[PDB]
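These notes are about the structure you will find just below.
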Amino acid sequence: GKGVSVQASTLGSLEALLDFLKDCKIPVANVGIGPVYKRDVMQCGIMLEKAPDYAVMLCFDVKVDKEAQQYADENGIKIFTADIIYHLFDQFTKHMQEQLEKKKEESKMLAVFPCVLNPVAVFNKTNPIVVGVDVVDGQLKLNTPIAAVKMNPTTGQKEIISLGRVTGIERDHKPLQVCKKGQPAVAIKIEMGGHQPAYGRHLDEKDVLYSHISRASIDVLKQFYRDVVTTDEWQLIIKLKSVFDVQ
Ligand SMILES: [Cl-]
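For the sequence shown, PDB author numbering begins at 870 and goes up steadily by one.
Okay, here's the thing in C-alpha cells:
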C-alpha cells in the first residue's frame, strides 16, 4: 500500500505515534528507529513515485543527518520534525492542504463556475469588451470564460462565440471578487489574447451570455470542487451542457 514514512527515538514512542496515526487515518508505508539517514529518505522516495503527497517523513524527537536532509532537499522529499506528536500531525495536515491548493492552481483555468448574464448596457465594444450585466442565474467569478450562443437565421446552425475571460468586476466603481445571482447589475471586463469579438458586429447587446463550460471543466469541478458547488449550480451546469452540446 501507499503511505508516509515515520521515525521515532524509541520503540515505545514509535508505537504511540503509530497508534495516533491509526486514529488519524494516516497510512504508514514504513518505519524506522534512531537518527534519519539517506537510506530512509530513499525509502520515502520510493513512495514519491506512487504518491507525491505521501512522500514525506514524520520524525519525532530524532536527529536528522545532514546528508539525509540534503538528499531530501535535492529530491523534494519533505521531512517533518517535532518535539511533540500533535505538532507532527499538524505539520502533515498543513502539508496535505498546501498540496491540495497547488493541485487546484494547475486546474485554475479549467474550473469554471456556471452563470448566465443578461447585458444591461455596453461601455466598450471590444479590446476590451466591457459590459454592464446582471447575473440572472448561477454565480459570476473572475477569470471565467464567457461565451455567447446564437444561431444565424440563414444558417440555422448554432454558433458559439467565445468573448474571452473576465479580468475585472465592478459596481459603482467598487471592485468585486464575484457576483451572485439576483444581485444588482455590475460592469465586467472581458479580454483575450489576439483578436476579440466585437459588439454591434459579432454579437449584440440582446444576446444572453453564458459561462463557457467544457467537459474538462465539469470533470475539474467534480474533482476538486464538489464541496463548494451548490445544488442549483449543478442544475445550471446540466442545463448548460445542452446549450454547449457537451457529451
Ligand atoms: Cl474553453
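Just so you know, even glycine gets a beta-carbon here, dropped at the ideal spot from N, CA and C.
ask   = Taking 7 Å as the cut-off, does the CB of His1081 come closer than this to any heavy atom belonging to ligand 1?
value = At least one heavy atom of ligand 1 sits closer than 7 Å to the Cβ of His1081.
query = Candidates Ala951, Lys919 and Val1089: which alpha carbon is nearest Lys932's?
reply = In terms of CA proximity to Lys932, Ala951 leads the group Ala951, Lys919 and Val1089.
request  = Using three-state DSSP, classify residue 1138 as helix, strand or coil.
outcome  = Here the chain covers residues 870 to 1116 and nothing more, so residue 1138 does not appear.
inquiry  = Checking the sheet assignment: what are the DSSP bridge partners for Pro1044?
reply    = The secondary-structure analysis by DSSP pairs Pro1044 across a beta bridge with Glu1039.
C-beta atoms of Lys1019 and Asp1076 nearer than 8 Å = Their beta carbons are under 8 Å apart, which means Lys1019 touches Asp1076 by this criterion.
message = Strictly by DSSP, which residues pair up with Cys984?
response = BP columns for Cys984 point to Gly1007.
ask   = What are the uninterrupted segments assigned as alpha helix (DSSP H) that are 4 or more residues long and contained completely in the segment 891-964, given in chain order?
value = For the alpha helix (DSSP H) assignment, the uninterrupted runs of no fewer than 4 residues enclosed by the segment 891-964 are, from N- to C-terminal side, 907-919 and 935-943.
request  = Mind checking who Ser1086 pairs with in its DSSP beta bridge?
outcome  = Looking at the DSSP assignment, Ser1086 forms no beta bridge with any residue, so it has no partner.
ask   = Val1047 to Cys984, Cα distance in whole Å?
value = Rounded to whole angstroms, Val1047 and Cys984 show a C-alpha spacing of 11 Å.
query = When we look at the beta-carbon of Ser874 and count the other beta-carbons within 10 Å, is it buried (16 or more) or exposed?
reply = When all chains shown are included, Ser874 counts as buried.
key: Where residue 854 sits in the DSSP three-state scheme   = No answer is possible for residue 854: the residues shown for the chain start at 870 and end at 1116.
query = Does the pairing of the segment 1025-1032 with the segment 1070-1088 give three or more beta-carbon distances under 8 Å?
reply = The segment 1025-1032 and the segment 1070-1088 touch, with no fewer than 3 CB-CB distances between them shorter than 8 Å.
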